[PDB]
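Here the structure is laid out as structure tokens; the discussion comes afterwards.
No value in this document is a laboratory result; all are computed from the given coordinates. Cβ sites come from the backbone with ideal geometry, for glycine too, and all protein chains shown count toward neighbours.
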Amino acid sequence: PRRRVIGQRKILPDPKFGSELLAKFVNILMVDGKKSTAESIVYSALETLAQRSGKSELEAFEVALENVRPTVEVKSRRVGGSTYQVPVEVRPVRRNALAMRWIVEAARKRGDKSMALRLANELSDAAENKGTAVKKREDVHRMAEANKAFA
Amino acid sequence: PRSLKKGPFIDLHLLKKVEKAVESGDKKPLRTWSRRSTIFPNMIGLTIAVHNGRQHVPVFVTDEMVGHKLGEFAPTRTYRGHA
Amino acid sequence: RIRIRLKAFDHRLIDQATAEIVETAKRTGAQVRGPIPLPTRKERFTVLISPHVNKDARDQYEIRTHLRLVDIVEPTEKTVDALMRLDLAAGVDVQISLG
Amino acid sequence: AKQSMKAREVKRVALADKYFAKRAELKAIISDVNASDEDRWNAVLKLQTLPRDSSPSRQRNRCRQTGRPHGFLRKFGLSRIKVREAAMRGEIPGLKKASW
Amino acid sequence: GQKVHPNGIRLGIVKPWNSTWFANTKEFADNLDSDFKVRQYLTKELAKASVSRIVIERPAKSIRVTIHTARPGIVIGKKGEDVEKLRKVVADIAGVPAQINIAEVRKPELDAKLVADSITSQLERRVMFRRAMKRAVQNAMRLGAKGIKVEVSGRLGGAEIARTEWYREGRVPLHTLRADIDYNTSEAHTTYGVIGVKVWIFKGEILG
Amino acid sequence: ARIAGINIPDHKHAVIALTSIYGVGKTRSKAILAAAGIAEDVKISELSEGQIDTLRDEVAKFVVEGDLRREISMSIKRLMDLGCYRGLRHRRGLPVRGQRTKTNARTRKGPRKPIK
Amino acid sequence: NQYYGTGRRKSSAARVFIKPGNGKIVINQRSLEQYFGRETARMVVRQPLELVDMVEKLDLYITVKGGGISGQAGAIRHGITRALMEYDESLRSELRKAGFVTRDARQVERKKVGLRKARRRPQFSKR
RNA sequence: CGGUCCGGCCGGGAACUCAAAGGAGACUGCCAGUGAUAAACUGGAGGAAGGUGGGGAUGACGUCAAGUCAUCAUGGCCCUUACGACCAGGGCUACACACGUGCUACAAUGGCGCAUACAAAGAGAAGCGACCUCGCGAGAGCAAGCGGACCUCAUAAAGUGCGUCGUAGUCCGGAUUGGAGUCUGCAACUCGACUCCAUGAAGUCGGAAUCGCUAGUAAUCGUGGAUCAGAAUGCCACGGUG
Ligand SMILES: [Mg+2]
Ligand SMILES: [Mg+2]
Ligand SMILES: [Mg+2]
Ligand SMILES: [Mg+2]
Ligand SMILES: [Mg+2]
Ligand SMILES: [Mg+2]
Ligand SMILES: [Mg+2]
Ligand SMILES: [Mg+2]
Ligand SMILES: [Mg+2]
Ligand SMILES: [Mg+2]
Ligand SMILES: [Mg+2]
Ligand SMILES: [Mg+2]
Ligand SMILES: [Mg+2]
Ligand SMILES: [Mg+2]
Ligand SMILES: [Mg+2]
Ligand SMILES: [Mg+2]
Ligand SMILES: [Mg+2]
Ligand SMILES: [Mg+2]
Ligand SMILES: [Mg+2]
Ligand SMILES: [Mg+2]
Ligand SMILES: [Mg+2]
Ligand SMILES: [Mg+2]
Ligand SMILES: [Mg+2]
Ligand SMILES: [Mg+2]
């Protein structure tokens, strides 16, 4: 907004793990206020995700989260006759927020049947560093150094 | 449709005219404003001129025309087309 | 016993009336139960304020119907008739329930 | 509204109150499953013979001051306009602008 | 339609209702017609009387009409002459036994319905509208009103372009809810049309 | 797997695969299998041929594929020949049941017909 | 010897009675595992009891009316915190820090005239 | 507490929830820093609430010769055996098409079946209408109780638990149409609503363009009311999840 910087609201941690971040992930998955279903999908997909990896569910979630976090995004400025995409550094809160959005958005587009099957396969590929979510990570980075002259 | 416990419906002034034209045996077109009266089986074979809003169109009564009302055979909107 | 129901629009004018009706049966009879308040009916209304065409321009009214329930435990002879001879202000509607 | 439209409205209240006992007599016959069907046929033919303005569904609640057929309120007997003019001058007891 | 009606917004705070009775929904609108017909009749009958506010109250199926007027002498006449004439026609209209009480209006220059009707009566006999608005303001601020605003509107002096004008002297806070704004409105049926007159009178703040 | 003239898919369950018959729905398919004593969650696969013979007799009680299309066309052509209001709506291609023809009559009128 | 606190939420009203005991939770004559099927609601009724180390320390009898699943769960936490400050009063320095003693005053907003919801305006079009 | 038909149900109990009525409470009032020794701002301190706590009502002088002579009122003009009045029937619902605003969808965060948990706010006498019976059903019959913190409308739905479908124009979607009905009403043809059986279009997320929304908000889920004999996906309210 114009006037003020705001004070952000506090989020609850998740009931299963106590993680603040995983409860931020169930809110991005949640549609229409149905948190109960989105709580069930995350707890079902992260169940089979640690099954494929043998680690903690909190630990193996961060590994797939690490490979989709962008480091530099761009933004339109347009002070001349055309649009300038200036590469702006992304703060660590938005780094974490853009990552969880891309995992969910890629998990909508997969052709598996269950949503927990669409999301666990996408997390298992993100830790394996393939999939649409890391491909979204590349196109942000590819557009970054293709505009690095602007600063 | 109407409930079965009420039976059918017909105007009294129409139903007296049907009763007259059966016994008198006249085939004059009966002009009638009762568009809401169910046709009865004793009405079969009579020219009855149902009103449509503007004039009286004559309706010959058929066997299949029993369970309907007189307004269905007098269309009220004239429509030919736009082009 | 006699249940008495007081219905009014002004809550000051019913509390002026409710404490009034206690003192009659307090003096004449005995053991006036209490001025027990009931929930207030809020009958809202919403009308278009423009004469011809403004659907979004409206007033929103209400009528608050204030209720008071006062019970009389032991009706004496003076409890019924002297309170029946007693009349209250308008706006208050009293309603006795003998037995 | 017109003078004649209000005059038509008064006539539809008087006729609906005139034949009111007789119309409920016929409807008791027609709605009764335990009745002779020739009576039920005679009752529904009798009910046609009554004037049409005798039905309670025939009259329409107009504004009692202006005769406006729309915007009526049953508790006040007025249209939405004449309620507002009366509520602001305080002719309606206990009625004021709410906010909640 | 910018401004709220200053009487109707103050009805829970500093203004009283002009009808203070109770009925259920079964008997409500009949009473409201019954209240309307007697305000209609008494205004037509007591037109020469400077009546301001007809308060109607009905306890125990018996109407009590409180007439506020600047002079009760023309309302009473001889002792029980015109009031008794007016009491028997209210009972014909209301259908219940009637009762007429008369509360005298001290200082009629500080009462909005009387001031608006004084402007209307002057405008009806073809006086200059600006002269009528000056004297209505000067009399009220002299008699002790903390602030008056008057306003006429439309077809002033027979001009074909209708406009509104308003004078103000003293402070008239309309947005203050505890302000005693006496507001009422009259209409002058001139030969060139209808001239509407509004008048606000501020007496002071009730500190409840 | 061949009931009342037409074939019926085997991989589906019992109530659903019956509804391929023109004349039965989810209600009447429950009415068929209750009279045959056949559970609804089984497939048309792993049925006894005596059960399918029981199935064919229950379907034959009602009006189906060849009969019903003839009856439906007979009812419409009854309205066609009388010339009632419902007949004119059936032959102008306009909606019969009293819907709006000013807007949104696209089921009876097909796609839009541009003014040329 | 019972210690009482009232907690309220959106439209809920909890009645919590604290007795020293073993940690038996009874809500409307039903168990906590029976009453709240939602595990998120099972957490928030245990948050002040797990803030201090008094899960096993005290039993409690709870009734609650009005509201929904998370609404009734929200009022139960605000009632337990209201009753534990009656129990100890040394916990107000910590339960204030936990954000628990503050009654959440977020009621639903009323539907307004013209607007299709509390804040959703209908769709706008220039032409 | 005692008693039990385990039901606040019944003695009771006045605590609690609640119901209103009255009152307290928050004022930058205090503490620290900044500031021009000011206004004020930033922070924390207590507190249920912190700087306008949240929401509403409240709309200056005027602007658009804005809207409405069809609520009403009214100058002038016009009609007066008709431009007035009465009735029946029709129309206001037409239909090559263009647009606005909406509803339901295109499904698997779902459809379906069974089981089960949690609301608020309202209306009710020419009314609301339990219970019981009959009907697949909308409903019908008999019929209590209620002018209503009592009784009735009235079982909230989303949810959860289990089973099921397994990516298909499908057990998605419900248009359309046929048949059979119920109810309202003198009367449902034009032209009502609802039910049952059958039917199973388009639609697989939408071009250019464009709208709403900053927190109990959007999104989604049911609920009620006004009008009203009957007749909403509109409007006005209400809570759930969030
Ligand atoms: Mg007139
Ligand atoms: Mg009507
Ligand atoms: Mg305004
Ligand atoms: Mg089929
Ligand atoms: Mg069907
Ligand atoms: Mg709108
Ligand atoms: Mg557009
Ligand atoms: Mg617009
Ligand atoms: Mg602090
Ligand atoms: Mg602070
Ligand atoms: Mg202000
Ligand atoms: Mg203009
Ligand atoms: Mg007519
Ligand atoms: Mg229209
Ligand atoms: Mg209703
Ligand atoms: Mg049954
Ligand atoms: Mg379910
Ligand atoms: Mg399922
Ligand atoms: Mg379907
Ligand atoms: Mg297709
Ligand atoms: Mg598909
Ligand atoms: Mg904002
Ligand atoms: Mg209705
Ligand atoms: Mg809501």
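Looking across segment F:6-22, the residues that are within 12 Å of the chain's Cα centre (by Cα) and either near RNA strand H (Cβ under 9 Å from one of its atoms) or over 15 Å from F:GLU58 (Cα atoms) (or both) come down to F:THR19, F:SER20, F:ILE21, F:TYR22.
Evaluated against (1) touching a residue at least 60 places away in the same chain (Cβ under 8 Å); (2) more than 14 Å from chain C (Cβ to nearest Cβ), D:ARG68 falls short on exactly one condition, (2).
Please enumerate the residues belonging to segment B:41-74 that are in contact with a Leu (Cβ under 9 Å, 6 or more places away or on another chain), within 24 Å of F:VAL96 (Cα to Cα) and in a loop (DSSP other than H, G, I, E, B). Selection gives B:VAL61, B:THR62, B:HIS68. Determine which single condition C:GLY91 fails, assuming it passes every other condition in (1) surrounded by 16 or more Cβ atoms within 10 Å (Cβ to Cβ); (2) within 12 Å of chain E (Cβ to nearest Cβ); (3) not basic (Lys, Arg); (4) not in a loop (DSSP other than H, G, I, E, B). All conditions pass for C:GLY91, except number (4).
The set of residues in segment C:19-71 being outside any helix (DSSP H, G or I), touching a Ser or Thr at 6+ places or on another chain (Cβ under 6 Å) and surrounded by 14 or more Cβ atoms within 10 Å (Cβ to Cβ) consists of C:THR28, C:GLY29, C:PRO35, C:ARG58, C:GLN60, C:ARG64, C:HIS66, C:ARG68.
Conditions (1) within 30 Å of E:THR176 (Cβ to Cβ); (2) assigned to a strand (DSSP E or B); (3) within 14 Å of chain D (Cβ to nearest Cβ); (4) within 16 Å of ligand 5 (Cβ to nearest atom), marked per residue:
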residue	(1), (2), (3), (4)
E:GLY1	yes, no, yes, no
E:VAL4	yes, no, yes, no
E:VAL14	yes, no, yes, no
E:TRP21	yes, no, yes, no
E:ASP30	no, no, yes, no
E:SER62	no, no, no, no
E:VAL75	no, no, no, no
E:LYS88	no, no, no, no
E:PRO97	no, no, no, no
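Checked against the criterion of being at negative phi, more than 8 Å from RNA strand H (Cβ to nearest atom) and assigned to a helix (DSSP H, G or I), the candidates G:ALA98, G:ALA75 yield just one match: G:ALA75.
Residues that are aliphatic (A, V, I, L, M) and outside any helix (DSSP H, G or I) were ranked within segment D:2-46; the one that is nearest to the other protein chains (Cβ to nearest Cβ) is D:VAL33. Does segment F:71-79 contain any residue that is touching a residue at least 12 places away in the same chain (Cβ under 8 Å), out of contact with any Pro (no Cβ under 6 Å at 6 or more places or on another chain) and either acidic (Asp, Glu) or within 23 Å of B:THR62 (Cβ to Cβ) (or both)? Yes, segment F:71-79 has at least one match.
If the condition is being in contact (Cβ under 8 Å) with a residue 24 or more places away in the chain and of a type in the set (A, V, I, L, M, F, W, C), then segment F:1-17 contributes F:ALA1, F:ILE3, F:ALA4, F:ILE6, F:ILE8, F:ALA14, F:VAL15, F:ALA17.
Does segment E:1-27 hold any residues that are surrounded by fewer than 19 Cβ atoms within 10 Å (Cβ to Cβ) and out of contact with any strand residue (DSSP E or B) (no Cβ under 7 Å at 6 or more places or on another chain), and which are they? Result: E:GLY1, E:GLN2, E:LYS3, E:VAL4, E:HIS5, E:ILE13, E:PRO16, E:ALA23, E:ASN24, E:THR25, E:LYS26, E:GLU27. Screening D:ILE81 on (1) over 23 Å from C:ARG64 (Cβ atoms); (2) aliphatic (A, V, I, L, M); (3) in a loop (DSSP other than H, G, I, E, B) shows it passes everything except condition (3). Being more than 30 Å from B:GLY67 (Cα to Cα), more than 14 Å from every other protein chain (Cβ to nearest Cβ) and either under 13 Å from the mean Cα position of the chain (by Cα) or within 16 Å of ligand 2 (Cβ to nearest atom) (or both), is that true of even one residue in segment F:23-45? For segment F:23-45, residues more than 30 Å from B:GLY67 (Cα to Cα), more than 14 Å from every other protein chain (Cβ to nearest Cβ) and either under 13 Å from the mean Cα position of the chain (by Cα) or within 16 Å of ligand 2 (Cβ to nearest atom) (or both): present.
The number of residues in segment G:64-88 that are among the hydroxyl-bearing types (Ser, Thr, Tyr), farther than 18 Å from G:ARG30 by Cβ and out of contact with any strand residue (DSSP E or B) (no Cβ under 6 Å at 6 or more places or on another chain) comes to 1.
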